[PDB]
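Have a look at the structure below before the remarks.
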Amino acid sequence: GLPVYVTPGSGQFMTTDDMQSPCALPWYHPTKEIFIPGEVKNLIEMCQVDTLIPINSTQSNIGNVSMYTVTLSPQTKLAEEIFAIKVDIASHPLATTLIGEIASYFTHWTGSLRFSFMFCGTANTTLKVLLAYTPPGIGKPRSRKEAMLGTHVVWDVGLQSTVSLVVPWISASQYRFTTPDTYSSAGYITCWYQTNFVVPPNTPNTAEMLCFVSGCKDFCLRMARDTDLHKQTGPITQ
Amino acid sequence: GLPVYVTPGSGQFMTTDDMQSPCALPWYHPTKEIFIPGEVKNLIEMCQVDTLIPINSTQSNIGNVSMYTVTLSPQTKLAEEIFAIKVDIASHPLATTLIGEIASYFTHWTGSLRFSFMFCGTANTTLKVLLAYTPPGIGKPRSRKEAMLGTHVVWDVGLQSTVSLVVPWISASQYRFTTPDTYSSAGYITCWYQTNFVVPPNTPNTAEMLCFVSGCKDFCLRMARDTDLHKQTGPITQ
Amino acid sequence: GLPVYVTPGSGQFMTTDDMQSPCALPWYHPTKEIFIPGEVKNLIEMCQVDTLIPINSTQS
Amino acid sequence: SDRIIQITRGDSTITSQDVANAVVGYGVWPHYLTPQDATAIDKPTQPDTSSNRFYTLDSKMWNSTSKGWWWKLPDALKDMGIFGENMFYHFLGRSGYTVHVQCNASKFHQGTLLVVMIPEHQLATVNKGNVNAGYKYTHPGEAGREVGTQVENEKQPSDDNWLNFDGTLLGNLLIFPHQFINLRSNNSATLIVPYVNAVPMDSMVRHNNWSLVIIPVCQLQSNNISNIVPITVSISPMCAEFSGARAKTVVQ
Amino acid sequence: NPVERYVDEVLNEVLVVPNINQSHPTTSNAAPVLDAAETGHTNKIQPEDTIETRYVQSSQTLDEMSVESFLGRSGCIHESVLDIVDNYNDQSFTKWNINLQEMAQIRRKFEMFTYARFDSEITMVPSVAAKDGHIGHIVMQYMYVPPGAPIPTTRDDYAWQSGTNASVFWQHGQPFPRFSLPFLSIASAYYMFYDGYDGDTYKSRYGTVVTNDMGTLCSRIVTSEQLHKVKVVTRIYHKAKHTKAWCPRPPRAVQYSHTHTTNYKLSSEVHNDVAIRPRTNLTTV
Amino acid sequence: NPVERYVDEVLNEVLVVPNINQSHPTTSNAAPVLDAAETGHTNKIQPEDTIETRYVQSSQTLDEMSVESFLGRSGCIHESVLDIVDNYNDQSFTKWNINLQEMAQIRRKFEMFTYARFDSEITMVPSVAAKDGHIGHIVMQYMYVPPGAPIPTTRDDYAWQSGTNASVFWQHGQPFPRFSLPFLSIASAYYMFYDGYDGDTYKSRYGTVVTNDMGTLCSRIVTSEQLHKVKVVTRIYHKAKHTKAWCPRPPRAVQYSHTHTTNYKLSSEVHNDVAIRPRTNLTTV
Amino acid sequence: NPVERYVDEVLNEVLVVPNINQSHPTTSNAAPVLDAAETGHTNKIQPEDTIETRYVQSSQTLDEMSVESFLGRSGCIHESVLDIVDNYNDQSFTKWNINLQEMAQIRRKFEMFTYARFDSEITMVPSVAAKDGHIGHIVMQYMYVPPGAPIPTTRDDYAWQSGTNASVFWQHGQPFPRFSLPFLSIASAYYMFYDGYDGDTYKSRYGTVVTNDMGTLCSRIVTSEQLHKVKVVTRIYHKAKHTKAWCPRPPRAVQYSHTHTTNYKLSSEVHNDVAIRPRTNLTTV
Amino acid sequence: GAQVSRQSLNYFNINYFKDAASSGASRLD
Amino acid sequence: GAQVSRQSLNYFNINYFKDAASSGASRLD
Amino acid sequence: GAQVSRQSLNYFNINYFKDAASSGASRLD
Amino acid sequence: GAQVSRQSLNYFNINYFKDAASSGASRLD
Amino acid sequence: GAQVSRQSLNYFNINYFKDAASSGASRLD
Ligand SMILES: Cc1cc(CCCOc2c(C)cc(-c3noc(C(F)(F)F)n3)cc2C)on1
Ligand SMILES: Cc1cc(CCCOc2c(C)cc(-c3noc(C(F)(F)F)n3)cc2C)on1
Ligand SMILES: Cc1cc(CCCOc2c(C)cc(-c3noc(C(F)(F)F)n3)cc2C)on1
Ligand SMILES: [Zn+2]
Ligand SMILES: [Zn+2]
Ligand SMILES: [Zn+2]
């Protein structure tokens, strides 16, 4: 017969190999495929869809819808801070968002992130807020003035309820680790009162705000890995 | 199926084999390659660059920059000997030079060697020296007259600080062993006072000389092997 | 993969077999061959040369 | 004349009438980042002549016992005009350099300085287990480090010039872009190095790309020792560009 | 070019991401950053619209993020145990009601879609533990008994003849067994979720248990009783090939508790039941 | 010719060295032997310039001195030990923080460059030592847990399911496992050296430990507890393929002491810490 | 025709011998049978010249008598022994100063020429003797340490890392290891004999030991210490491929006594030291 | 069962078994 | 996946797996 | 690496490894 | 023993042994 | 070493070793 040289690796089973194998059901003809709406061909499709950020997930809020809203109200001190979180797509509180969950199935990420905010107050409630992205190499801003020096958007509340702040991919390396790693921590998003929350008389003195996230045209994930956002500590039985 | 004959060698693991193997990270796309200055494609590139010879590595000098310099001064006796070492690219004191270190990663060598010397004295210090290469089959020369009969260069110190002596490949065999082996010992380089070290009044009465080495266009190494110029006698820990 | 049938004789080592095997010294370039007088290509060449017969090889 | 050189950068012009030619690290002249190699997407800032100019550091005194000196870039220029300002207001920076070392004496002096530019000169510590050189120690600024002076501290780097402060032999530094200032031949050294890194841009605060090492391999000698012989360093950024603007980072 | 496409496969550059173009300062009454999430659409604003960007040539590829790639990695779905303790006849064979619901890792990934259609690659990893010292000659038989086929009730049941069912015989020492399976459903796609019953009474079953019956995997140690007792554990691995998925959904946020059901358990302190980590307050990064 | 280039590969004559030409006696004011090392350049003088040479046709090739060849030989980078002493559950699995810094031989060669980019070939050599006599049926599982993925904490941790991570199962008696890895960095090349930190305070980390995180290699004996205890040592071998290196540097002159750092130790007699051998004096060959 | 030559290879009819032609009675003053051996030439007389021959078509071929064939058969050149007696660390590894002079059979054939150039095929036959009963899992490592490379001095010496040297790992149960070696000399051909020294004094070495250094073959049992002691004997076989030989010489007539030297011993009755059998007298067939 | 291409870079997409289920991972898009 | 050459000396540079990382040592220069 | 001949009797002299040392016994004369 | 087809989709129906009994399952109709 | 035929039914009579003795049973008549 044809002389052969069995190479190292032979007989091994690598869970990510791509070989062919004999079919246990010869001659079997699969059911005709029918059209079903909603087919997904690539996970990027899911990363481009907004999902809510449980940004207000304090211990007392977790387990309640309120963990998804941020409260705004008339201020007595100017330029007060509203919220602050890390930009890292897989860090908390971004972790459980759809894009955060998918990012947790990969080791590397890159691209620009899209953060959106929808004002939930009354039609007669006005407000101007400053949303800022602080690139790394410095601590989170301690004031609006400090934050404003970075990438930002001044949001004026009006007929259009939602605003978007894009966190451009500003990194030394082409990719970053999805897991919380010092070297690749991408920065922060802070929110500050630009002017103030103002309302006419007989109008609720507080209002909620919803926060969304999704990836831009340049978002991309790399190196598939198992997620640490879900576990199994016992047998799943019948 | 196709009849095959498993040949001897099959299933073995030879550290120098060249086989293909399945990729553990299917679909993974590597980071785009960017231009980085200084790419090296062949070690010969490093062998052609001069590096200093720790020619004065006596026990008392090792661990000090002085192990790299040779001192010159006014002589009272004529044609005195200045230094003498073996030409063998991997012998001491040539061993730790870059070309010597690289040569120590191979079993065979061939080609011509380039030895250079830079006079470190004052601009008013003059000197004529004789650098000689003694081909094998005879002991190192015991005098300038004896050395001068071989390959040599008479160096006159002047505006140009450096001189070069080429040790031509003069061997019976096309290659030699890099490790200290009798049969393939290549000879010696000796240095002698041709005239003398002369200076005007009020000028330092001694001066240093730096010695360099690199390979010529015909230098070549063969048969990769592990080096004995470096070891590990214990675990390297985190 | 391609279905194969391992034939009898496989894995054996026959001192007179003629197989190929991976080279332990990859990239190694052998010394240039030079002309040497007296090359022999076949033993018949040596059989055609006279040599003396120890015809009188008695014990003494 | 091939012994003369004039280097003009921004509003600065440096001259030397006794050079030993010049060196262009890895034969690559500094250039701005191209869109094929770039990764950060915001438009970079390029101060041009207000940053690409010669900055002269504090002079050092070379004497018969000097063991050497080293500086790290861009650390050494952290407090130099516009260039310095830019490296702290931005997350990312990228720059090449023209390093001109100056040292004159007389035709009756002798001494030799090995001037080297090392990429990623990761310093070592000695006999201290896995404790590494502290940030403070590898960020001395324009003052640099004077080999053989610092009163040892645990996080202090190796001060062994014969081992390149990193476990390798001095004699082999010549494999890096370098020059010698041999008092009998020249009074200056000129090295032009391009940006070198595994990423197109980087943090100017936490990553020192190049290290300038100066070791006197041939001792300074003369019959007029009282006359001080200084060594002066002038560095000029080239194609300096920064990205990711924000507030100014404050170290320590 | 079937050859140009080949190169893209080897390099994994089939699906490239768009470049970022240089943008400039703007002053206009067209405000891309403003929109209305109420519409249910995602604002399609890109970085070039909110800042002045430079031109950058993207080199990232979405290949690895494809559904084929996401669900195309072999993971454990079952750990079959044959432990000879004191009765070879009773302990040398077993059966398993086949399903992809017992192991959380691969289950969660499939469940990120409502429907999925794919062929399967099953790979088995048998390991014989020598409880008394030797393992002798171990030969295993794995037989797929589709719903309806007779299930063996003894190690010598006539069903082991496998006159029609597919069986795979593995011999200890030989490589790991592996085979492919074609899309098996009577429907066009597998139901990852099913909001329906198998009847209309208070006692009808709910969920995928109604639509996902896959039969039984029966196995036995072919080798007859040996002096030394062994414990053979066969771990089954599954991978989807030639995959299609429809209607993506929220990822499982709490631990699974049972098969074919979305049921879950909650403790008195729910923050412990989800991956969400309590924040000190709104402004503590 | 793709076929003429093929012959050069088989003969290893891709990179030939130049010939030496016949030279003659000279008298000129052009002195090649004289130059200035201060310039930082190497005098490019050749033998034909300093002596009267004959004509010689060179046959040497630089192929073997290529970077691909220099770093393309498989060397040991780790020796994993699973030693069953008195507790199978605790001793039948382990983990390793992956790195190419633990073994001096291959480490020194890579460190002769500042940056290197290459794919990897990993080959494993497992050997089961029979401490009590038998080894039964040994099956091993090696799983690559990238940074972030859950690390198993028991021999039956759900992470071993490897629903996404790559795992390689080896069966004693089968050939040595082997697989390839694509260039893994988030940068364009691996840092052999890194003069930077992961912060700007006295407590920030220094060196390649900041840039070279490669994850964890977890392994376990798949086979369940057996009567006779064994000691499995798996030695990992690495080789670079499709290599590129930049900015050559001085070779390590003293012994390594720790990973990711250039730290070293010196004795009271430094000549013992380097390969340099003390010379009797300047003229003693 | 590359195909007609192929047929000759399969049939082994590449080198055919000449035919015998019919000859006739002759009467001439040209006497072929007479000549002068003093000239140093062999009389080229053929049978047709001394008798009346018939015509005969020769079918014999000289293929098998070719140098390639004569030296192209794998023969034993070394028998390495690792015998675990009472100290695993000291007895589980060894080394051999490589040479083709220890076994008489292949040595005599090569020595029928003065110089020889050839590539080599090395085949190893390891056999594990179970001294106490079991052999566990035996894995061997063979490493070629070229002259100069560090020689391991313990079973765990860093040299075993084989970061550059070639190593071959064999696993008991797998086929016999085998690999090829290119012509290794620094000269154009190997010296079978060398009438020279490595110096010019009464203490200089004489013979091929001066020119035939080939390095060291180091080997060890990779498997760590096991309960039952084994004795592994690895026999090395060598074969020349792509061979050339020069200047044939007299075959070795007496037993070999040492390597690299033609030295021999003689008894008081020399007829016992050579293959020559004493004749009763000149006329006793 | 080979989908032989040409360009010379001849692609050989081989299906060793006669069932579609038997082949390896699919192509993208 | 074969880069079939011709000259007749037909070179067959085959890539058995669909990943560049999988192939053997690179060519020189 | 095949020296394909033709005559139809197509000879296939294949070199499996990229080193000359690796091939089998040489041809005669 | 190969029934090489073409379309390029080149079918390769190979019979490894010289007996009809040796080949696999038959084609339909 | 293949006696490639054609008809398309391409016969491939292959001789794996270079000795006539090595081949299988002979053809008839
Ligand atoms: C949804 C969905 C899709 C599926 C199919 C899961 C695959 O299950 C199997 C397995 C694991 C093995 C076999 C099998 N066929 O033959 C064999 C034998 F070799 F083990 F006998 N095992 C058959 C099915 C349907 O389950 N749920
Ligand atoms: C610089 C630099 C480059 C590297 C990569 C080293 C290779 O490290 C590994 C190893 C040895 C094995 C795996 C691996 N992937 O799958 C497996 C399994 F089969 F073992 F699971 N092991 C992954 C990496 C990144 O480390 N430092
Ligand atoms: C004359 C003449 C020619 C020769 C060469 C003899 C071959 O010797 C060897 C052997 C037997 C094995 C190796 C060898 N290379 O790799 C290995 C490993 F796998 F054993 F490590 N062994 C190297 C040489 C030079 O010796 N004398
Ligand atoms: Zn037993
Ligand atoms: Zn036993
Ligand atoms: Zn036993």
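In the structure tokens, chains take letters A, B, ... by order of appearance, with residues numbered from 1 within each chain and ligands from 1 in the order shown.
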
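For ligand 6, the neighbouring protein, DNA and RNA residues, which are those within 12 Å when only C-alpha atoms and all ligand atoms are counted, are residues 133, 134, 135 and 136 of chain E; 130, 132, 133, 134, 135, 136 and 228 of chain F; 130, 131, 132, 133, 134, 135, 136, 227 and 228 of chain G.
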
Checklist entry - Please, which residues of chain B lie no more than 8 Å from chain A when the count uses only C-alpha atoms, and can they be set out as a VMD selection string? => result chain B and resid 2 to 13 19 21 to 26 28 to 29 31

Next on the checklist: Please compute the atom CA of residue A:48-atom CA of residue E:42 distance, one decimal, in Å.
Outcome noted: 7.8 Å

Checklist outcome for this item: From the list F:39, F:61, F:89, F:1, the nearest residue to chain H using only C-alpha atoms is F:1

Item to check | Contacts of residue D:17 at 7 Å (only C-alpha atoms; same-chain gap of 2+ positions) as a PyMOL selection string | outcome: chain D and resi 3-5+15+19

Residues at most 7 Å from ligand 2, using only C-alpha atoms and all ligand atoms? Could they come as a JSON list (two decimals) with C-alpha atoms, in the first residue's frame?
[["chain", "number", "residue", "atom", "x", "y", "z"],
["A", 14, "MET", "CA", -9.48, 18.56, 19.86],
["B", 24, "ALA", "CA", -6.96, 25.21, 18.05],
["F", 98, "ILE", "CA", 1.02, 30.19, 30.37],
["F", 99, "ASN", "CA", 4.30, 31.87, 29.40],
["F", 100, "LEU", "CA", 7.49, 31.34, 27.39],
["F", 120, "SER", "CA", 2.91, 28.51, 17.36],
["F", 122, "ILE", "CA", 2.49, 23.11, 20.59],
["F", 142, "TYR", "CA", -5.94, 19.79, 28.43],
["F", 143, "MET", "CA", -8.09, 22.92, 28.26],
["F", 144, "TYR", "CA", -7.07, 26.42, 27.27],
["F", 166, "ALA", "CA", -10.55, 24.47, 23.11],
["F", 167, "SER", "CA", -9.72, 21.17, 24.79],
["F", 168, "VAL", "CA", -7.52, 18.33, 23.63],
["F", 181, "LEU", "CA", -1.99, 28.50, 17.32],
["F", 184, "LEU", "CA", -2.39, 35.72, 19.60],
["F", 190, "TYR", "CA", 4.82, 40.03, 20.91],
["F", 191, "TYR", "CA", 6.94, 42.15, 23.27],
["F", 192, "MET", "CA", 10.13, 40.30, 24.20],
["F", 212, "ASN", "CA", 2.12, 39.17, 27.82],
["F", 214, "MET", "CA", -1.76, 34.43, 27.70],
["F", 215, "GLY", "CA", -4.34, 32.83, 29.95],
["F", 217, "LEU", "CA", -3.66, 25.92, 30.68],
["F", 236, "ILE", "CA", 4.90, 21.06, 26.72],
["F", 238, "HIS", "CA", 6.76, 25.10, 21.63]]

Checklist entry - Using only C-alpha atoms, which chain C residues lie at most 6 Å away from chain J, written as JSON, numbers by chain? => result {"C": [18, 19, 20, 21, 22, 23]}

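Running DSSP on the backbone gives helix (DSSP H, G or I) for these residues within stretch 34-137 of chain E: residues 37, 38, 39, 47, 48, 49, 50, 63, 64, 65, 67, 68, 69, 70, 88, 89, 90, 91, 104, 105, 106, 107, 108, 109 and 110 of chain E.
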
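With atom CA of residue D:225 on one side and atom CA of residue B:75 on the other, the separation reads 25.0 Å.
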
Next on the checklist: Give me, as a PyMOL selection string, all polymer residues having an atom no more than 8 Å from residue E:207, counting only C-alpha atoms and skipping those fewer than 2 positions away in the same chain.
Outcome noted: chain E and resi 193-197+205+209-211+260-261

Next on the checklist: Env of residue B:115: 10 Å cut, atoms = only C-alpha atoms, seq-sep filter 4 positions within chain, self excluded. Answer as a PyMOL selection string.
Outcome noted: (chain B and resi 50-53+87+131+163-167+189+211-216) or (chain F and resi 43)

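Taking atom CA of residue F:248 and atom CA of residue D:35 as endpoints, the distance between them is 27.4 Å.
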
Item to check | Contact residues around residue E:105 with only C-alpha atoms at 10 Å, ignoring same-chain residues under 3 positions, as a PyMOL selection string | outcome: (chain A and resi 226-227+230-232) or (chain E and resi 75-77+101-102+108-110) or (chain F and resi 158-164)

For chain E against chain H, with a cut-off of 9 Å and counting only C-alpha atoms, what is the closest atom pair and its distance in Å to one decimal for every residue that makes the cut, ordered by chain and number, as JSON lines?
{"residue": "E:1", "atom": "CA", "partner": "H:7", "partner_atom": "CA", "distance": 8.5}
{"residue": "E:2", "atom": "CA", "partner": "H:5", "partner_atom": "CA", "distance": 6.3}
{"residue": "E:3", "atom": "CA", "partner": "H:11", "partner_atom": "CA", "distance": 6.2}
{"residue": "E:4", "atom": "CA", "partner": "H:7", "partner_atom": "CA", "distance": 8.7}
{"residue": "E:6", "atom": "CA", "partner": "H:11", "partner_atom": "CA", "distance": 7.3}
{"residue": "E:9", "atom": "CA", "partner": "H:27", "partner_atom": "CA", "distance": 7.8}
{"residue": "E:14", "atom": "CA", "partner": "H:28", "partner_atom": "CA", "distance": 6.9}
{"residue": "E:15", "atom": "CA", "partner": "H:29", "partner_atom": "CA", "distance": 7.8}
{"residue": "E:63", "atom": "CA", "partner": "H:28", "partner_atom": "CA", "distance": 7.1}
{"residue": "E:66", "atom": "CA", "partner": "H:28", "partner_atom": "CA", "distance": 7.4}
{"residue": "E:68", "atom": "CA", "partner": "H:26", "partner_atom": "CA", "distance": 6.9}
{"residue": "E:69", "atom": "CA", "partner": "H:25", "partner_atom": "CA", "distance": 8.3}
{"residue": "E:72", "atom": "CA", "partner": "H:25", "partner_atom": "CA", "distance": 7.3}
{"residue": "E:118", "atom": "CA", "partner": "H:21", "partner_atom": "CA", "distance": 8.9}
{"residue": "E:119", "atom": "CA", "partner": "H:21", "partner_atom": "CA", "distance": 5.7}
{"residue": "E:120", "atom": "CA", "partner": "H:21", "partner_atom": "CA", "distance": 7.4}
{"residue": "E:121", "atom": "CA", "partner": "H:22", "partner_atom": "CA", "distance": 8.1}
{"residue": "E:179", "atom": "CA", "partner": "H:22", "partner_atom": "CA", "distance": 7.7}
{"residue": "E:180", "atom": "CA", "partner": "H:22", "partner_atom": "CA", "distance": 5.4}
{"residue": "E:181", "atom": "CA", "partner": "H:21", "partner_atom": "CA", "distance": 6.0}
{"residue": "E:182", "atom": "CA", "partner": "H:21", "partner_atom": "CA", "distance": 5.0}
{"residue": "E:183", "atom": "CA", "partner": "H:21", "partner_atom": "CA", "distance": 7.9}
{"residue": "E:240", "atom": "CA", "partner": "H:25", "partner_atom": "CA", "distance": 8.4}
{"residue": "E:241", "atom": "CA", "partner": "H:25", "partner_atom": "CA", "distance": 5.3}
{"residue": "E:242", "atom": "CA", "partner": "H:26", "partner_atom": "CA", "distance": 5.1}
{"residue": "E:243", "atom": "CA", "partner": "H:26", "partner_atom": "CA", "distance": 7.8}

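Residues surrounding residue A:139 within 9 Å are residues 134, 187 and 188 of chain A; 249 of chain D [only C-alpha atoms; sequence separation below 4 positions excluded].
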